[PDB]
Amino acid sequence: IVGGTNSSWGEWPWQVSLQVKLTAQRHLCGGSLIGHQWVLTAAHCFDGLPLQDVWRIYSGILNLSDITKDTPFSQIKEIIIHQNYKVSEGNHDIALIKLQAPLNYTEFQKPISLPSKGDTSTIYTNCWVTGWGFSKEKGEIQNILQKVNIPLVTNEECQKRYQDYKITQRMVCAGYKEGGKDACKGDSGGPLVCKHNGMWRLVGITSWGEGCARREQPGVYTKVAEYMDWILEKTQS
C-alpha cells in the first residue's frame, strides 16, 4: 500500500496473508475470508504455484513480523480458479480457496460481507484497500497491515489511462488523479472494501495497475459483484 497508514486490531478481520513455504517462507498475496472455510483472492496469486502443498494462510494477524513457528495457519484443500482466467489481459482474475479445516470466528478473524449481484450499479463513496505490499515502487513488504482510503473511478476514466488494455464491466478502478495513494506489489488478491450504513462490503479484489500511485494511473480491481453467481455456485455445499 502506498500513502497508507498502520491498521489497528479488528479494523480488517477478514484480511488474510497467503504465504509460500519452499526453502524459506514469504508473504506473496492477500485475500479475504468470506466463510468459515473459504478465502477469496486473485487468480494471478497461483500463477506459478498452483499446487496446494506450499501454501500457508495466516488469519487473525496484524503484523507479519509477529509470525513465529508456533503461529497457527490454515492449509489449502482446494484452489478454484475462474475457468476463463487469462494471465496476459487479467480478465476473470479471481480465485477461491477452500481451507482444510473451518476457522472459528473472532473479532480478529471473521468474514467480510459480499455484495449483491445487483450491486454492479451501486455507488460506494467510502472505500479502502489493505495489505502488506510495497509502500512505494521498488519498495519492500510492510510488517503492519496498511490501509488507504481511495475513490472509485468510472470505467470511462480508467479506460483512458490504459489504452494498451481493455477495462471491462467486470473490473472496477480506484485512484487519485494526482496519485500518491494506491495498492502495490504484494497487495495482490487483497480486498477493496466500502463502508455503508456501518457495514463493510467487499467490492473489489486487487488485480493490476501500472506502477504504484502514479498520477493518472488508477489501480484495477476485480469487481466482485460481477462474479457473485460464480462464487455462490463454487461455494455451494
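Position 1 is the first residue in the sequence shown; the rest follow in order.
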Higher average CA B factor in the deposited record is what I'm after, so tell me if that's 206-214 or 66-74.
-> 66-74
Between the two ranges 183-191 and 22-30, the one averaging a larger CA B factor in the entry | 22-30
Check the PDB entry and point out which of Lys147, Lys86, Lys98, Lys110 has the largest C-alpha temperature factor.
-> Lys86
Sort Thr125, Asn143, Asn155, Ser135 by C-alpha B-factor from the entry and give me just the highest.
-> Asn155
Rank-wise, by C-alpha B-factor, drop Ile94 into the lowest, middle or highest third of its chain.
-> lowest
For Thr168, the third of its chain into which the C-alpha B factor falls | highest
Among the chain's modelled residues, which third holds the C-alpha B-factor of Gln52?
-> highest
Compare the C-alpha B factor of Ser8 with those of the other modelled residues in its chain, then answer lowest, middle or highest third.
-> middle
What third of its chain's C-alpha B-factors does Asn104 belong to: lowest, middle or highest?
-> highest
